[PDB]
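Here the structure comes first, spelled out in structure tokens, and everything after it is commentary.
Protein chains in written order, with our numbering: chain A, 7 to 128; chain B, 5 to 112.
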């Protein structure tokens with residue numbers, strides 16, 4: 007069971023900042039993890055970020071070419087999962103999927119639908 | 005970098021055939037952390053298979069997943085016309101989580 011709706015997409019002169027979002031419904035799943043995956047034609051899909059709630063408040067992890075640049079953040083109290091990206095470039099243009107999976111022994115993660123982000127000078 | 009690649013890239017299936025797109029890691033991870041996603045043009049990755057053999061809520065039961073070690077595959081009993089997606093595999097073993105180039109099926 008789930009309902010993930012992400013807001014905030016658009017287009018920014020390069021260098022521009024943003025703040026994708028998505029708010030969880032149904033969940034109050036004691037212990038989950040959430041992360042942002044992105045897809046543009048150039049790269050296909052790529053795990054970008056991921057905050058983590060096993061029960062320690064925050065632990066984050068980023069990758070080869072995103073760290074320095076964005077920071078996952080989310081507070082259950084707020085129900086939301088925010089993702090601010092700074093110093094953006096062409097490369098980063100794509101659709102950001104917001105997927106949350108819970109740490110039950112087993113079941114499967116969920117995904118939402120995305121929004122375009124367009125880094126163009128125009 | 006941790007790498008999965010998919011044999012093969014594009015397929016062609018007559019309705020009623022049996023398809024199997026394989027997927028394979030660079031380093032031996034474990035069956036139970038290789039998820040399989042299905043994406044149909046004009047929409048977003050649709051969680052298809054979790055575990056190496058678990059189907060997700062709704063996945064028709066003519067579909068089949070299996071593997072252990074470095075080679076995981078996917079197989080469709082009787083290809084039908086709504087399997088015409090592009091499938092992709094994924095690794096949630098160690099960061100970073102990487103994905104396959106994604107195999108594209110299409111219906112003959």
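Don't be surprised by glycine CBs; every beta carbon is placed ideally from N, CA and C.
Selection from the options that minimises the alpha carbon distance to residue i
{"i": "residue 105 (chain A)", "options": "A:44, A:34 and A:19", "result": "A:44"}
{"i": "residue 72 (chain A)", "options": "A:90, A:86 and A:80", "result": "A:90"}
{"i": "residue 107 (chain B)", "options": "B:18, B:100 and B:87", "result": "B:87"}
{"i": "residue 56 (chain B)", "options": "B:64, B:84 and B:74", "result": "B:74"}
{"i": "residue 96 (chain B)", "options": "A:13, A:35 and A:67", "result": "A:67"}
{"i": "residue 68 (chain B)", "options": "B:32, B:101 and B:26", "result": "B:26"}
Residue i CB to nearest heavy atom of the ligand SAH below 7 angstroms
{"i": "residue 46 (chain B)", "result": "Inclusion of the ligand SAH in the displayed structure is not the case, the ligand content being empty and no account of it being possible."}
Per-residue burial, residue i [other beta carbons within 10 Å of its own, 16 or more giving buried]
{"i": "residue 24 (chain B)", "result": "exposed"}
{"i": "residue 66 (chain B)", "result": "exposed"}
{"i": "residue 20 (chain B)", "result": "exposed"}
{"i": "residue 51 (chain A)", "result": "buried"}
{"i": "residue 27 (chain A)", "result": "buried"}
{"i": "residue 107 (chain A)", "result": "buried"}
{"i": "residue 7 (chain A)", "result": "exposed"}
{"i": "residue 90 (chain B)", "result": "buried"}
{"i": "residue 17 (chain A)", "result": "exposed"}
{"i": "residue 19 (chain A)", "result": "exposed"}
{"i": "residue 85 (chain B)", "result": "exposed"}
{"i": "residue 95 (chain A)", "result": "exposed"}
{"i": "residue 104 (chain B)", "result": "buried"}
{"i": "residue 102 (chain B)", "result": "buried"}
{"i": "residue 12 (chain A)", "result": "buried"}
{"i": "residue 128 (chain A)", "result": "exposed"}
Bounding residues of the beta strand (DSSP E) (the contiguous stretch that carries residue i)
{"i": "residue 108 (chain A)", "result": "100-108"}
{"i": "residue 4 (chain B)", "result": "For residue 4 (chain B) there is no data in the structure shown, the boundaries of chain B being 5 and 112."}
{"i": "residue 80 (chain B)", "result": "75-80"}
{"i": "residue 111 (chain B)", "result": "Unbroken run through residue 111 (chain B): none, as it is neither H nor E."}
{"i": "residue 93 (chain B)", "result": "90-95"}
{"i": "residue 30 (chain A)", "result": "29-31"}
{"i": "residue 18 (chain A)", "result": "16-18"}
{"i": "residue 124 (chain A)", "result": "122-125"}
{"i": "residue 28 (chain B)", "result": "23-28"}
{"i": "residue 54 (chain B)", "result": "50-54"}
{"i": "residue 9 (chain A)", "result": "9-11"}
{"i": "residue 101 (chain B)", "result": "Per DSSP, residue 101 (chain B) belongs to no beta strand (DSSP E) and is neither H nor E."}
Beta-carbon proximity check, residue i vs residue j, cutoff 8 angstroms
{"i": "residue 10 (chain A)", "j": "residue 120 (chain A)", "result": "no"}
{"i": "residue 65 (chain A)", "j": "residue 58 (chain A)", "result": "yes"}
{"i": "residue 102 (chain A)", "j": "residue 39 (chain A)", "result": "no"}
{"i": "residue 123 (chain A)", "j": "residue 100 (chain A)", "result": "yes"}
{"i": "residue 16 (chain B)", "j": "residue 110 (chain B)", "result": "yes"}
{"i": "residue 51 (chain B)", "j": "residue 43 (chain B)", "result": "no"}
{"i": "residue 75 (chain A)", "j": "residue 93 (chain A)", "result": "yes"}
{"i": "residue 10 (chain B)", "j": "residue 93 (chain B)", "result": "yes"}
{"i": "residue 99 (chain B)", "j": "residue 28 (chain B)", "result": "no"}
{"i": "residue 112 (chain B)", "j": "residue 45 (chain B)", "result": "no"}
{"i": "residue 72 (chain B)", "j": "residue 35 (chain B)", "result": "yes"}
C-beta neighbour in chain C for residue i, strict 8 angstroms
{"i": "residue 119 (chain A)", "result": "Within the model displayed, chain C is absent; protein chains A and B are what it includes."}
Every unbroken beta strand (DSSP E) within the region 44-98 of chain A, with a cutoff of 3 residues, ordered by chain: 50-53, 76-79 and 88-91
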